[PDB]
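Enquirer: Contents of entry-v8.csv (CSV, C-alpha atoms) are given next:
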chain,number,residue,atom,x,y,z
A,803,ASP,CA,-58.7,100.2,184.7
A,804,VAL,CA,-56.3,99.5,181.7
A,805,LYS,CA,-53.3,100.0,183.9
A,806,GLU,CA,-54.7,97.6,186.6
A,807,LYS,CA,-55.7,94.9,184.0
A,808,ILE,CA,-52.3,95.1,182.1
A,809,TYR,CA,-50.5,94.8,185.5
A,810,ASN,CA,-52.6,91.7,186.4
A,811,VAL,CA,-51.0,90.1,183.2
A,812,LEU,CA,-47.4,91.5,183.7
A,813,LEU,CA,-47.3,90.8,187.5
A,814,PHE,CA,-49.3,87.5,187.4
A,815,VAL,CA,-48.7,85.6,190.7
A,816,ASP,CA,-46.3,82.5,191.3
A,817,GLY,CA,-43.7,82.5,188.5
A,818,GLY,CA,-45.7,84.6,185.9
A,819,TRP,CA,-48.2,84.6,183.1
A,820,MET,CA,-48.5,81.2,181.2
A,821,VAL,CA,-46.0,79.3,183.4
A,822,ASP,CA,-46.9,75.9,185.0
A,823,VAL,CA,-46.5,75.8,188.8
A,824,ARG,CA,-47.1,72.0,189.1
A,825,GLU,CA,-44.4,69.9,187.3
A,826,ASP,CA,-45.7,66.5,188.6
A,827,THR,CA,-47.5,65.9,185.3
A,828,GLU,CA,-46.4,64.3,182.0
A,829,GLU,CA,-44.7,66.9,179.7
A,830,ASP,CA,-46.8,68.0,176.7
A,831,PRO,CA,-44.0,69.4,174.5
A,832,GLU,CA,-46.5,70.9,172.1
A,833,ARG,CA,-48.3,72.7,174.9
A,834,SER,CA,-45.1,73.9,176.6
A,835,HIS,CA,-43.8,75.2,173.3
A,836,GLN,CA,-47.0,77.1,172.5
A,837,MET,CA,-47.0,78.7,176.1
A,838,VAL,CA,-43.4,79.9,175.5
A,839,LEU,CA,-44.4,81.4,172.1
A,840,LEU,CA,-47.4,83.1,173.6
A,841,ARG,CA,-45.2,84.6,176.4
A,842,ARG,CA,-42.8,86.0,173.7
A,843,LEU,CA,-45.8,87.4,171.8
A,844,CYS,CA,-48.2,88.7,174.5
A,845,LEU,CA,-45.9,90.1,177.3
A,846,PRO,CA,-43.8,92.5,175.2
A,847,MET,CA,-47.1,93.6,173.5
A,848,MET,CA,-48.8,94.3,176.9
A,849,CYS,CA,-45.7,96.3,178.1
A,850,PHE,CA,-45.9,98.4,174.9
A,851,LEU,CA,-49.7,99.0,175.2
A,852,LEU,CA,-49.2,100.0,178.9
A,853,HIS,CA,-46.3,102.4,177.9
A,854,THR,CA,-48.6,103.9,175.2
A,855,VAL,CA,-51.5,104.4,177.7
A,856,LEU,CA,-49.2,106.0,180.3
A,857,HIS,CA,-47.4,108.2,177.8
A,858,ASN,CA,-50.6,109.5,176.1
A,859,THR,CA,-52.1,110.2,179.6
B,548,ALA,CA,-92.1,69.7,127.9
B,549,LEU,CA,-92.8,73.4,127.4
B,550,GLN,CA,-95.3,72.5,124.6
B,551,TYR,CA,-97.3,70.4,127.1
B,552,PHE,CA,-97.2,73.0,129.9
B,553,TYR,CA,-98.7,75.6,127.4
B,554,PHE,CA,-102.0,73.7,127.7
B,555,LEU,CA,-102.0,74.9,131.3
B,556,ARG,CA,-101.9,78.6,130.2
B,557,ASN,CA,-105.5,79.2,131.4
B,558,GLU,CA,-105.2,77.0,134.5
B,559,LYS,CA,-104.8,78.5,138.0
B,560,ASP,CA,-104.1,76.9,141.4
B,561,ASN,CA,-106.2,77.3,144.6
B,562,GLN,CA,-104.2,80.5,145.3
B,563,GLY,CA,-104.9,82.0,141.8
B,564,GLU,CA,-101.2,81.5,140.6
B,565,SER,CA,-100.8,80.4,136.9
B,566,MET,CA,-100.1,76.7,136.6
B,567,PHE,CA,-98.1,77.4,133.4
B,568,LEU,CA,-95.9,79.9,135.3
B,569,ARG,CA,-95.3,77.3,138.1
B,570,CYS,CA,-94.5,74.3,135.8
B,571,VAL,CA,-92.2,76.5,133.6
B,572,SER,CA,-90.4,77.7,136.7
B,573,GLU,CA,-89.8,74.1,137.9
B,574,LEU,CA,-88.8,73.1,134.3
B,575,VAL,CA,-86.2,75.9,133.8
B,576,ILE,CA,-84.6,75.2,137.3
B,577,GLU,CA,-84.5,71.4,136.8
B,578,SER,CA,-83.2,71.4,133.2
B,579,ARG,CA,-80.7,74.4,133.9
B,580,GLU,CA,-81.4,75.4,130.2
B,581,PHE,CA,-81.8,79.1,131.1
B,582,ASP,CA,-80.4,80.6,127.8
B,583,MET,CA,-82.5,78.2,125.6
B,584,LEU,CA,-85.8,78.6,127.5
B,585,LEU,CA,-85.7,82.2,128.8
B,586,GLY,CA,-83.2,83.6,126.3
B,587,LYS,CA,-79.9,85.5,126.8
B,588,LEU,CA,-78.5,89.0,126.9
B,589,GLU,CA,-76.2,90.1,124.1
B,590,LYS,CA,-73.1,92.4,124.7
B,591,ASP,CA,-75.2,95.5,123.6
B,592,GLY,CA,-77.7,94.4,126.3
B,593,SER,CA,-80.4,93.5,123.7
B,594,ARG,CA,-82.3,90.3,124.7
B,595,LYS,CA,-82.1,87.3,122.4
B,596,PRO,CA,-85.6,85.6,122.8
B,597,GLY,CA,-85.9,82.1,124.3
B,598,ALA,CA,-88.4,79.4,123.7
B,599,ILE,CA,-90.9,80.9,126.2
B,600,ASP,CA,-91.1,84.2,124.3
B,601,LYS,CA,-93.2,82.3,121.7
B,602,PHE,CA,-96.0,81.6,124.3
B,603,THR,CA,-96.2,84.8,126.4
B,604,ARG,CA,-95.7,88.5,126.1
B,605,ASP,CA,-95.1,88.7,129.9
B,606,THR,CA,-91.8,86.8,129.9
B,607,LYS,CA,-90.5,89.4,132.5
B,608,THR,CA,-92.8,88.0,135.3
B,609,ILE,CA,-91.7,84.4,134.4
B,610,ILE,CA,-87.9,85.3,134.5
B,611,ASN,CA,-88.4,87.1,137.9
B,612,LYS,CA,-90.2,84.1,139.5
B,613,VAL,CA,-87.4,81.7,138.1
B,614,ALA,CA,-84.7,84.1,139.4
B,615,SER,CA,-86.4,84.2,142.9
B,616,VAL,CA,-86.6,80.3,142.9
B,617,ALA,CA,-82.9,80.2,141.9
B,618,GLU,CA,-82.0,82.7,144.7
B,619,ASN,CA,-83.9,80.6,147.3
B,620,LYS,CA,-82.0,77.5,146.0
B,621,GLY,CA,-78.6,79.3,146.6
B,622,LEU,CA,-77.9,79.6,142.8
B,623,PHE,CA,-76.8,83.2,143.2
B,624,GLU,CA,-74.8,83.6,139.8
B,625,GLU,CA,-77.7,82.2,137.8
B,626,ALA,CA,-80.2,84.3,139.8
B,627,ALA,CA,-78.0,87.4,139.0
B,628,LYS,CA,-78.0,86.5,135.3
B,629,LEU,CA,-81.8,85.9,135.4
B,630,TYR,CA,-82.6,89.2,137.2
B,631,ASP,CA,-80.3,91.0,134.6
B,632,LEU,CA,-82.4,89.3,131.9
B,633,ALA,CA,-85.4,90.8,133.8
B,634,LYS,CA,-83.8,94.1,132.4
B,635,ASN,CA,-82.3,95.2,135.8
B,636,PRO,CA,-78.7,96.7,135.6
B,637,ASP,CA,-79.1,98.3,139.0
B,638,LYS,CA,-80.0,94.8,140.3
B,639,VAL,CA,-76.8,93.3,138.7
B,640,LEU,CA,-74.5,95.8,140.4
B,641,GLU,CA,-76.4,95.6,143.7
B,642,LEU,CA,-76.1,91.8,143.8
B,643,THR,CA,-72.5,91.8,142.5
B,644,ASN,CA,-71.6,94.3,145.3
B,645,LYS,CA,-73.1,91.9,147.9
B,646,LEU,CA,-71.2,89.0,146.4
B,647,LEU,CA,-67.8,90.9,146.1
B,648,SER,CA,-67.9,92.5,149.6
B,649,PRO,CA,-67.1,89.3,151.6
B,650,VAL,CA,-64.3,88.3,149.1
B,651,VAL,CA,-62.4,91.6,148.6
B,652,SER,CA,-59.7,91.1,151.3
B,653,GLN,CA,-59.2,87.4,150.7
B,654,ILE,CA,-56.0,86.0,149.2
B,655,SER,CA,-56.3,85.0,145.5
B,656,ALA,CA,-56.1,81.2,145.1
B,657,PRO,CA,-56.6,79.3,141.8
B,658,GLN,CA,-60.3,78.3,141.5
B,659,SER,CA,-61.2,80.4,144.6
B,660,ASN,CA,-64.7,82.0,144.9
B,661,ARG,CA,-62.8,85.4,144.9
B,662,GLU,CA,-61.2,84.7,141.5
B,663,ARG,CA,-64.5,83.5,140.0
B,664,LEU,CA,-66.5,86.5,141.4
B,665,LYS,CA,-63.7,89.0,140.4
B,666,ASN,CA,-63.6,87.6,136.8
B,667,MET,CA,-67.4,87.8,136.7
B,668,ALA,CA,-67.3,91.5,137.9
B,669,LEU,CA,-64.5,92.5,135.5
B,670,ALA,CA,-66.5,91.0,132.6
B,671,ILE,CA,-69.6,93.0,133.7
B,672,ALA,CA,-67.5,96.2,134.1
B,673,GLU,CA,-65.8,95.8,130.6
B,674,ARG,CA,-69.2,95.2,129.0
B,675,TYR,CA,-71.1,98.0,130.7
B,676,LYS,CA,-68.3,100.4,129.8
B,677,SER,CA,-68.3,99.3,126.1
B,678,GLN,CA,-72.2,99.6,125.9
B,679,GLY,CA,-72.4,102.9,127.9
B,680,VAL,CA,-74.8,101.3,130.5
B,681,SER,CA,-74.8,103.1,133.9
B,682,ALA,CA,-76.7,102.0,137.0
B,683,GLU,CA,-77.7,104.4,139.8
B,684,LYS,CA,-74.7,106.6,140.8
B,685,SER,CA,-74.6,105.2,144.4
B,686,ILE,CA,-74.5,101.5,143.4
B,687,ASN,CA,-72.2,102.2,140.4
B,688,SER,CA,-69.7,104.1,142.7
B,689,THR,CA,-69.7,101.2,145.2
B,690,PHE,CA,-69.1,98.6,142.5
B,691,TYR,CA,-66.0,100.4,141.0
B,692,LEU,CA,-64.7,101.1,144.5
B,693,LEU,CA,-64.9,97.3,145.3
B,694,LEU,CA,-63.1,96.5,142.1
B,695,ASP,CA,-60.3,99.0,142.9
B,696,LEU,CA,-60.2,97.5,146.5
B,697,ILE,CA,-59.7,94.0,144.9
B,698,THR,CA,-56.7,95.5,142.9
B,699,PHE,CA,-55.4,97.0,146.2
B,700,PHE,CA,-55.6,93.6,147.9
B,701,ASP,CA,-54.0,91.8,144.9
B,702,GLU,CA,-51.0,94.2,144.9
B,703,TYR,CA,-50.8,93.9,148.7
B,704,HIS,CA,-50.9,90.1,148.7
B,705,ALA,CA,-48.4,90.0,145.8
B,706,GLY,CA,-46.0,92.0,148.1
B,707,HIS,CA,-46.0,95.1,145.8
B,708,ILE,CA,-46.0,97.5,148.9
B,709,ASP,CA,-45.4,100.7,147.0
B,710,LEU,CA,-48.0,100.0,144.3
B,711,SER,CA,-50.6,99.0,146.9
B,712,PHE,CA,-49.8,102.3,148.8
B,713,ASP,CA,-50.3,104.4,145.6
B,714,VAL,CA,-53.7,102.7,145.0
B,715,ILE,CA,-55.0,103.3,148.6
B,716,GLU,CA,-53.7,107.0,148.5
B,717,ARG,CA,-55.7,107.4,145.2
B,718,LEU,CA,-58.9,105.8,146.7
B,719,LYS,CA,-58.9,108.4,149.5
B,720,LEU,CA,-60.8,105.9,151.8
B,721,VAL,CA,-58.5,106.4,154.8
B,722,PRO,CA,-56.6,109.5,156.1
B,723,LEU,CA,-52.8,109.7,155.3
B,724,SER,CA,-52.5,113.0,157.3
B,725,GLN,CA,-53.9,114.2,160.7
B,726,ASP,CA,-55.6,117.1,158.9
B,727,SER,CA,-57.6,114.7,156.7
B,728,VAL,CA,-59.0,112.6,159.6
B,729,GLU,CA,-62.2,114.7,160.2
B,730,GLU,CA,-63.0,115.0,156.4
B,731,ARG,CA,-62.6,111.1,156.0
B,732,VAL,CA,-64.8,110.4,159.2
B,733,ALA,CA,-67.5,112.6,157.6
B,734,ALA,CA,-67.1,110.9,154.2
B,735,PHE,CA,-67.4,107.4,155.9
B,736,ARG,CA,-71.0,108.1,156.8
B,737,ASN,CA,-71.8,108.2,153.1
B,738,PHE,CA,-70.1,104.8,152.2
B,739,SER,CA,-72.4,101.8,151.5
B,740,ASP,CA,-72.5,98.8,154.0
B,741,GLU,CA,-70.4,96.7,151.5
B,742,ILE,CA,-67.5,99.1,151.8
B,743,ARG,CA,-67.9,99.6,155.6
B,744,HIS,CA,-67.6,95.8,156.2
B,745,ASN,CA,-64.2,95.8,154.4
B,746,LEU,CA,-62.8,98.9,156.3
B,747,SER,CA,-61.2,96.8,159.1
B,748,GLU,CA,-59.1,94.8,156.6
B,749,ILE,CA,-58.3,98.0,154.6
B,750,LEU,CA,-57.0,99.7,157.8
B,751,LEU,CA,-54.9,96.6,158.7
B,752,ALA,CA,-53.5,96.2,155.2
B,753,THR,CA,-52.7,100.0,155.0
B,754,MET,CA,-51.0,99.9,158.5
B,755,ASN,CA,-49.0,96.7,157.5
B,756,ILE,CA,-47.9,98.6,154.3
B,757,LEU,CA,-46.7,101.6,156.5
B,758,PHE,CA,-45.0,99.3,159.0
B,759,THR,CA,-43.2,97.4,156.2
B,760,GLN,CA,-42.0,100.7,154.6
B,761,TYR,CA,-40.8,101.8,158.0
B,762,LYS,CA,-38.9,98.4,158.4
B,763,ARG,CA,-37.3,98.9,154.9
B,764,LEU,CA,-36.2,102.4,156.0
B,765,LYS,CA,-34.6,101.1,159.3
B,766,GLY,CA,-33.2,97.9,157.7
B,767,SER,CA,-31.4,100.0,155.0
B,768,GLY,CA,-28.2,100.0,157.0
B,769,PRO,CA,-25.8,103.0,156.6
B,770,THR,CA,-23.8,101.4,153.7
B,771,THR,CA,-25.0,103.8,150.9
B,772,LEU,CA,-22.4,106.5,151.2
B,773,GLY,CA,-24.5,109.4,149.5
B,774,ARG,CA,-28.1,109.8,150.8
B,775,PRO,CA,-28.6,112.8,153.1
B,776,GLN,CA,-29.5,111.7,156.7
B,777,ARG,CA,-32.1,114.5,156.9
B,778,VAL,CA,-34.3,113.0,154.1
B,779,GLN,CA,-34.4,109.7,156.1
B,780,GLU,CA,-35.5,111.4,159.4
B,781,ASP,CA,-38.2,113.4,157.5
B,782,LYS,CA,-39.5,110.1,155.9
B,783,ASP,CA,-39.6,108.3,159.3
B,784,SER,CA,-41.6,111.2,160.8
B,785,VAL,CA,-44.1,111.1,157.9
B,786,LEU,CA,-44.7,107.3,158.2
B,787,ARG,CA,-45.3,107.7,162.0
B,788,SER,CA,-47.7,110.6,161.3
B,789,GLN,CA,-49.6,108.5,158.8
B,790,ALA,CA,-49.8,105.6,161.2
B,791,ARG,CA,-51.2,108.0,163.9
B,792,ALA,CA,-53.8,109.4,161.4
B,793,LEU,CA,-55.1,105.8,160.8
B,794,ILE,CA,-55.5,105.0,164.5
B,795,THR,CA,-57.2,108.4,165.2
B,796,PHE,CA,-59.5,107.6,162.3
B,797,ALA,CA,-60.3,104.1,163.5
B,798,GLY,CA,-61.1,105.5,167.0
B,799,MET,CA,-63.4,108.3,165.6
B,800,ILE,CA,-65.5,106.2,163.1
B,801,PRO,CA,-69.1,105.3,164.3
B,802,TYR,CA,-68.4,101.7,163.4
B,803,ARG,CA,-67.6,98.9,165.9
B,804,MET,CA,-64.4,97.3,164.6
B,805,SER,CA,-63.2,93.9,166.0
B,806,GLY,CA,-61.2,94.3,169.2
B,807,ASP,CA,-58.3,92.3,167.5
B,808,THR,CA,-58.2,94.9,164.6
B,809,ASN,CA,-57.8,97.8,167.1
B,810,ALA,CA,-55.2,95.9,169.1
B,811,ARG,CA,-53.1,95.0,166.0
B,812,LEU,CA,-53.3,98.7,164.7
B,813,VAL,CA,-52.0,100.0,168.1
B,814,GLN,CA,-49.4,97.1,168.3
B,815,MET,CA,-48.0,98.1,164.9
B,816,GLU,CA,-47.8,101.8,165.9
B,817,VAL,CA,-46.0,100.9,169.2
B,818,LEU,CA,-43.5,98.9,167.0
B,819,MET,CA,-43.0,102.1,164.8
B,820,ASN,CA,-42.4,104.4,167.8
C,688,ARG,CA,-53.7,79.4,172.4
C,689,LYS,CA,-54.0,79.0,168.6
C,690,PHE,CA,-56.3,82.1,168.3
C,691,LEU,CA,-54.0,84.3,170.5
C,692,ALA,CA,-51.0,83.3,168.4
C,693,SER,CA,-53.0,84.2,165.3
C,694,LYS,CA,-54.1,87.6,166.8
C,695,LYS,CA,-57.8,86.5,166.6
C,696,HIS,CA,-58.7,88.1,169.9
C,697,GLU,CA,-62.5,88.1,169.2
C,698,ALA,CA,-62.5,84.4,168.4
C,699,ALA,CA,-60.5,83.7,171.7
C,700,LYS,CA,-63.2,85.8,173.6
C,701,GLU,CA,-66.0,83.7,172.0
C,702,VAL,CA,-64.3,80.5,173.1
C,703,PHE,CA,-63.7,82.0,176.6
C,704,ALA,CA,-67.4,82.9,176.8
C,705,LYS,CA,-68.5,79.3,176.0
C,706,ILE,CA,-66.9,78.2,179.4
C,707,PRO,CA,-69.4,78.7,182.3
C,708,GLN,CA,-68.2,81.0,185.1
C,709,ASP,CA,-68.8,78.3,187.7
C,710,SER,CA,-66.5,75.8,185.8
C,711,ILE,CA,-63.5,76.3,188.1
C,712,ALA,CA,-65.7,75.9,191.2
C,713,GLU,CA,-67.4,72.8,189.6
C,714,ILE,CA,-63.9,71.2,189.0
C,715,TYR,CA,-63.0,71.6,192.7
C,716,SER,CA,-66.5,70.4,193.8
C,717,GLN,CA,-66.3,67.2,191.7
C,718,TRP,CA,-62.8,66.5,193.0
C,719,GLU,CA,-63.9,66.9,196.6
C,720,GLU,CA,-67.0,64.6,196.0
C,721,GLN,CA,-64.7,61.8,194.7
C,722,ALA,CA,-63.5,61.6,198.4
C,723,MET,CA,-59.9,62.6,197.5
C,724,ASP,CA,-58.2,64.6,200.4
C,725,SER,CA,-55.4,65.2,197.8
C,726,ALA,CA,-54.6,68.3,195.8
C,727,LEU,CA,-56.1,68.5,192.2
C,728,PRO,CA,-54.3,66.7,189.4
C,729,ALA,CA,-51.3,68.8,188.2
C,730,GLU,CA,-52.9,68.9,184.7
C,731,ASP,CA,-56.2,70.4,185.9
C,732,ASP,CA,-54.5,72.9,188.3
C,733,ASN,CA,-52.2,74.0,185.4
C,734,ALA,CA,-55.3,74.2,183.1
C,735,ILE,CA,-57.1,76.4,185.6
C,736,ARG,CA,-54.0,78.6,185.9
C,737,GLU,CA,-53.7,78.8,182.1
C,738,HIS,CA,-57.4,79.8,181.8
C,739,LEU,CA,-56.9,82.6,184.5
C,740,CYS,CA,-53.8,83.8,182.5
C,741,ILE,CA,-55.9,84.0,179.3
C,742,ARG,CA,-58.8,85.8,181.2
C,743,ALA,CA,-56.4,88.5,182.6
C,744,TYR,CA,-55.0,88.9,179.0
C,745,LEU,CA,-58.4,89.2,177.3
Could you write out this structure as structure tokens?
Expert:
Amino acid sequence: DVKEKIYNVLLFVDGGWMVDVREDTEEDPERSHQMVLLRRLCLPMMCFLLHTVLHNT
Amino acid sequence: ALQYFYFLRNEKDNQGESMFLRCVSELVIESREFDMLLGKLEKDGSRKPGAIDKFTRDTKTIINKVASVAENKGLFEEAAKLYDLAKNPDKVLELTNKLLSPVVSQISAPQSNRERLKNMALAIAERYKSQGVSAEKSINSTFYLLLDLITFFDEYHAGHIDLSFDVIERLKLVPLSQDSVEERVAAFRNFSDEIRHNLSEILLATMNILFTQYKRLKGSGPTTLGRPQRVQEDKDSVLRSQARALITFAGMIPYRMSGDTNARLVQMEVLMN
Amino acid sequence: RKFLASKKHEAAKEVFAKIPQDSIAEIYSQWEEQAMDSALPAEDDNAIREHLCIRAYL
């Protein structure tokens, strides 16, 4: 279950997790900045948690 | 005003409560003149009599009713002083533990509730030590452990990582070796709720200390020609073993920590591996 | 976004739980009712996608 749920984050469809697909809106620079920061935060962490799960098992 | 209410000494309400007790309880709370009306405790814990001690021998029932009305109004510091005047050390440390528990892990700011409650607790601790006053062993052990935890968080928030580590090692609250995990999980069942509520922050602070010591060991680049490389590998292995002991402990305790706490503990270990 | 950046995962779950599970279906239903044969506004589609990203992470 943990492996499936972490893969749903790491392999999130259509350009990846916390990336806009529709560019036909006004740019919110504060939002786009926060999304890039969350990607740098959450995705390495998820990869390390999944490594830890797979290694310990 | 107290002279006029003494005419009500024999008067009772429809519930049989003394009208004198009621009017004196309202008077003391509205005037805020607690020390003058109800008296004060001296440093030896003798009671200096107040104005009310002239009128009644049962001043203890009055002080307890006033203390309960102060507690219900949210005047917790005054309620604690009044319950203490009701000759209840045990009650002083019980209420002080309840007050200190939520502020232990907080950062010290000038005029913060933490600094006020810490200074109140230190003044109680110094006075009870000088007078030889001991509460119940359970309550008293919880109180001094909360004071030592405040010192741990002060040294931690000051950035004194090695002093904060020496304090937590001395407190024996968390396991610093795999072999100590089962002993500490068994000991956890005997801690008071006030200590259990702080355990998540204690584990995060201890794990952050270990992670920062590990970063200091890795960031000390090879430019000191003279420290044997074996002593560095041994110290890295020890810090990773300590970090593993804290996570094993956090997973074995019958206490539901926040999901964010467990995620941060595991994230810090993954960054140490 | 603020809670996730701050590692307050329990606070982020509490916010997530305030949003009704039908909220995505309701956004589509209301857009269809406005007689718009067009795709959703790019803001609302990106917000649905962002919410699904946060769900998968939590």
Enquirer: I'd like the neighbourhood of segment 811-824 of chain A as a ChimeraX atom specification, where a residue qualifies if any of its atoms comes within 12 Å (using all atoms listed in the file), though same-chain residues fewer than 4 positions away should be ignored.
Expert: /A:804-807,828-830,833-852 /C:688,726-745
Enquirer: For C-alpha atoms, I'd like the residues from the last selection saved as a PDB file, in the coordinates of the input.
Expert:
ATOM      1  CA  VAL A 804     -56.300  99.500 181.700  1.00  0.00           C
ATOM      2  CA  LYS A 805     -53.300 100.000 183.900  1.00  0.00           C
ATOM      3  CA  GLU A 806     -54.700  97.600 186.600  1.00  0.00           C
ATOM      4  CA  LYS A 807     -55.700  94.900 184.000  1.00  0.00           C
ATOM      5  CA  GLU A 828     -46.400  64.300 182.000  1.00  0.00           C
ATOM      6  CA  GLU A 829     -44.700  66.900 179.700  1.00  0.00           C
ATOM      7  CA  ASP A 830     -46.800  68.000 176.700  1.00  0.00           C
ATOM      8  CA  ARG A 833     -48.300  72.700 174.900  1.00  0.00           C
ATOM      9  CA  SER A 834     -45.100  73.900 176.600  1.00  0.00           C
ATOM     10  CA  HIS A 835     -43.800  75.200 173.300  1.00  0.00           C
ATOM     11  CA  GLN A 836     -47.000  77.100 172.500  1.00  0.00           C
ATOM     12  CA  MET A 837     -47.000  78.700 176.100  1.00  0.00           C
ATOM     13  CA  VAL A 838     -43.400  79.900 175.500  1.00  0.00           C
ATOM     14  CA  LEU A 839     -44.400  81.400 172.100  1.00  0.00           C
ATOM     15  CA  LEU A 840     -47.400  83.100 173.600  1.00  0.00           C
ATOM     16  CA  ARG A 841     -45.200  84.600 176.400  1.00  0.00           C
ATOM     17  CA  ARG A 842     -42.800  86.000 173.700  1.00  0.00           C
ATOM     18  CA  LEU A 843     -45.800  87.400 171.800  1.00  0.00           C
ATOM     19  CA  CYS A 844     -48.200  88.700 174.500  1.00  0.00           C
ATOM     20  CA  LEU A 845     -45.900  90.100 177.300  1.00  0.00           C
ATOM     21  CA  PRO A 846     -43.800  92.500 175.200  1.00  0.00           C
ATOM     22  CA  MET A 847     -47.100  93.600 173.500  1.00  0.00           C
ATOM     23  CA  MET A 848     -48.800  94.300 176.900  1.00  0.00           C
ATOM     24  CA  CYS A 849     -45.700  96.300 178.100  1.00  0.00           C
ATOM     25  CA  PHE A 850     -45.900  98.400 174.900  1.00  0.00           C
ATOM     26  CA  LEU A 851     -49.700  99.000 175.200  1.00  0.00           C
ATOM     27  CA  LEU A 852     -49.200 100.000 178.900  1.00  0.00           C
TER      28      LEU A 852
ATOM     29  CA  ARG C 688     -53.700  79.400 172.400  1.00  0.00           C
ATOM     30  CA  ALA C 726     -54.600  68.300 195.800  1.00  0.00           C
ATOM     31  CA  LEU C 727     -56.100  68.500 192.200  1.00  0.00           C
ATOM     32  CA  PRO C 728     -54.300  66.700 189.400  1.00  0.00           C
ATOM     33  CA  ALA C 729     -51.300  68.800 188.200  1.00  0.00           C
ATOM     34  CA  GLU C 730     -52.900  68.900 184.700  1.00  0.00           C
ATOM     35  CA  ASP C 731     -56.200  70.400 185.900  1.00  0.00           C
ATOM     36  CA  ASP C 732     -54.500  72.900 188.300  1.00  0.00           C
ATOM     37  CA  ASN C 733     -52.200  74.000 185.400  1.00  0.00           C
ATOM     38  CA  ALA C 734     -55.300  74.200 183.100  1.00  0.00           C
ATOM     39  CA  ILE C 735     -57.100  76.400 185.600  1.00  0.00           C
ATOM     40  CA  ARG C 736     -54.000  78.600 185.900  1.00  0.00           C
ATOM     41  CA  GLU C 737     -53.700  78.800 182.100  1.00  0.00           C
ATOM     42  CA  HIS C 738     -57.400  79.800 181.800  1.00  0.00           C
ATOM     43  CA  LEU C 739     -56.900  82.600 184.500  1.00  0.00           C
ATOM     44  CA  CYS C 740     -53.800  83.800 182.500  1.00  0.00           C
ATOM     45  CA  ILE C 741     -55.900  84.000 179.300  1.00  0.00           C
ATOM     46  CA  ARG C 742     -58.800  85.800 181.200  1.00  0.00           C
ATOM     47  CA  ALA C 743     -56.400  88.500 182.600  1.00  0.00           C
ATOM     48  CA  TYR C 744     -55.000  88.900 179.000  1.00  0.00           C
ATOM     49  CA  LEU C 745     -58.400  89.200 177.300  1.00  0.00           C
TER      50      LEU C 745
END
Enquirer: Could you list, as a ChimeraX atom specification, the residues of chain B having an atom within 8 Å of chain A when counting only C-alpha atoms?
Expert: /B:813-814,817
Enquirer: I need the contact residues of chain C against chain B, so if you could list those with any atom within 10 Å, counting all atoms listed in the file, and return them as a list in words, that would help.
Expert: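 Putting it all together, I get residues 691, 693, 694, 695, 696, 697, 698, 699, 700 and 745 of chain C.
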Enquirer: Counting only C-alpha atoms, select every polymer residue within 12 Å of (-74.3, 92.6, 141.9) as defined in the file's coordinates, and provide the selection as a VMD selection string.
Expert: chain B and resid 623 to 631 635 to 648 664 to 665 667 to 669 671 to 672 682 686 to 687 689 to 691 693 to 694 741
Enquirer: Could you jot down the atom CA of residue 757 of chain B to atom CA of residue 692 of chain B separation for me, Å, one decimal place?
Expert: 21.6 Å
Enquirer: Which residues come within 12 Å of segment 724-737 of chain B, counting all atoms listed in the file, excluding same-chain residues fewer than 3 positions away, as a VMD selection string?
Expert: chain B and resid 685 688 to 689 716 718 to 721 740 to 744 746 784 to 802
Enquirer: In Å, with one decimal, what is the gap from atom CA of residue 572 of chain B to atom CA of residue 663 of chain B?
Expert: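 Here the two named atoms are 26.7 Å from each other.
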Enquirer: Atom CA of residue 680 of chain B and atom CA of residue 699 of chain B are how many Å apart?
Expert: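 Rounded to one decimal, the two atoms are 25.3 Å apart.
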Enquirer: Using the block above, I'd like segment 813-826 of chain A written out, keeping C-alpha atoms and formatting it as an mmCIF file, in the first residue's frame.
Expert:
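Dumped everything to out-v7.cif:
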data_model
loop_
_atom_site.group_PDB
_atom_site.id
_atom_site.type_symbol
_atom_site.label_atom_id
_atom_site.label_comp_id
_atom_site.auth_asym_id
_atom_site.auth_seq_id
_atom_site.Cartn_x
_atom_site.Cartn_y
_atom_site.Cartn_z
ATOM 1 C CA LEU A 813 4.573 9.031 -11.103
ATOM 2 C CA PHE A 814 1.638 11.539 -11.020
ATOM 3 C CA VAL A 815 0.153 11.773 -14.565
ATOM 4 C CA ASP A 816 0.601 14.492 -17.263
ATOM 5 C CA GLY A 817 3.873 16.358 -16.381
ATOM 6 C CA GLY A 818 4.139 15.339 -12.690
ATOM 7 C CA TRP A 819 3.102 16.255 -9.142
ATOM 8 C CA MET A 820 2.250 19.992 -8.495
ATOM 9 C CA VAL A 821 2.725 21.112 -12.157
ATOM 10 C CA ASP A 822 -0.006 23.047 -13.997
ATOM 11 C CA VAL A 823 -1.204 21.515 -17.310
ATOM 12 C CA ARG A 824 -3.322 24.522 -18.402
ATOM 13 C CA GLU A 825 -1.190 27.648 -19.086
ATOM 14 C CA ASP A 826 -4.183 29.697 -20.469
#
